[PDB]
């Protein structure tokens, strides 16, 4: 399976150099479960990642998010796994108020990946939070 966020950060920082870090991210991506051919459709497409990206978020029998995704770009799929780890086992509202910025700063991703890659990472985060917000946002009564 995928390590929790605490272990991800510790293993990442334990890598002796950036090639090891880069291949570790890709390795995690390859560990993601296969995406149902049925879910690999436009409805689940994410734009702005310089590649094909698919992400599906659904709530189980309880109110906890279950995330699945894929990318035709290995490094992008790895970033998908990194975000899944950080948002793992959270309710929609937990995802909305969870600040991931400090985790990425510690990993120093934006400083080692291409700007285009970093933008793709921001796009998926924004897309996941958007989906989490649509499930928890307030429909204020003064707006009915």
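Residue numbers count along the first chain shown, from 1.
- Higher mean CA temperature factor between 71 to 79 and 26 to 34: 26 to 34, per the PDB entry.
- Taking the mean C-alpha B-factor of each stretch as recorded, 85 to 93 and 54 to 62 are not equal, and the higher mean is that of 54 to 62.
- When the CA B factors of the chain's modelled residues are split into thirds, the value for residue 107 lands in the highest one.
- Per-chain ranking of the deposited C-alpha B factor places residue 14 in the highest third.
- The entry lists a Cα temperature factor for residue 100 that places it in the middle third of the chain's modelled residues.
- Among all modelled residues in this chain, the alpha-carbon of residue 118 has a temperature factor (C-alpha) in the middle third.
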